[PDB]
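Quick setup: one chain, the form deposited in one PDB entry, written in structure tokens, and binding and motion questions come after.
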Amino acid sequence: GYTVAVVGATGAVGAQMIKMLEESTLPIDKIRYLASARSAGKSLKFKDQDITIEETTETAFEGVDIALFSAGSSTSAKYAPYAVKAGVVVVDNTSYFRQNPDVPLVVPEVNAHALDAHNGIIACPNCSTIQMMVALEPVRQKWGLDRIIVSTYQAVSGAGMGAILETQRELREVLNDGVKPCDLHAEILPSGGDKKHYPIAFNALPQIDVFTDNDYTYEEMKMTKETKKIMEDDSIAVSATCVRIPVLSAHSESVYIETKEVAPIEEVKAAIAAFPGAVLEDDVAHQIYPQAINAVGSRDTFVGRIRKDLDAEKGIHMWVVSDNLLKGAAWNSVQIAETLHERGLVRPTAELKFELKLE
């Protein structure tokens, strides 16, 4: 079996990494939980076992076979290259390594083939990108993709445990204390790192991550760039609007595509139904469509409201929902580790291709 380390074990994604590993088929001989100095020495369960949390350091990875990182980009930048140097295979949930040509950016149902040539780091894409890829890959395979326009409806757990707590607190102040949403004080959302913070309670914030120099946010540009890499087609036009709404878990997306060939809607429904990891929930006569509250706790990606554009011959609209902590993060990561195991790819990488940041 394997020694598996979870880096960022105490966070929103980490708690789901634990759950997904507890439910995994991976043969695990030893579990280690790593986080910051803040959590070092505390205890968390793995099944019935008590695991002492360790501070993440450059020397923490000896004997580790697989390390799952979900502790922020700076933590992956600082420590994943040392883990690789030590002989680990890293599955990274952060954005840091996603666009590195030496790093596979993987959704196992879409581009598992990319895992074979890994160099010790496999990156999980952005949560909003992953579920979109599950929905759209079966369509691309049969009718091609020319462009995508997507507007997202993103849950706050996307921004971490602090953001969940902020949202719950804000809602309680409004609903129990009678505070006006405009009078709420926020510390984290829309973006922990940015300069100004706004209430999410009873609001919709059209900012996820920070702004880039083209006036799209980093979240929007990640959807664009990650789609192109995952589908191995730079010619797919993708523009996004990413919005935070008052949902704790599960992202929803209004997705418009134009295909290369006309894709009959009944065939599109069938293709998605048949695609691993995607579930068709589309029966408007009985008001059946994906819903965030129904998707929570499931590894599947749910697709419905599928219909042709009213004017563009090759245009199709749909609604895509998945638990952003599961398929959008921890489940994609554990699924990657399981796929690495299936393919005999859990072993050290001889040549280091990633800069060491702590020399």
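Here the rigid core means the biggest group of C-alpha atoms that line up within 1.5 Å when the two forms are laid on top of each other. Heads up: residue numbers just count along the shown sequence, starting at 1.
Same protein, other form: the form deposited in another entry, not shown, and the subject of what follows.
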Query - CA of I53, rigid core aligned, shift of 2 Å or more between this form and the one not shown - result: yes
**Report entry** Rigid core fit then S298 CA moved by 2 Å or more between this form and the one not shown
**Finding:** no
Query raised in the report: Once everything's superposed on the core, is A312 shifted 2 Å or more at the Cα between this form and the one not shown?
Result: no
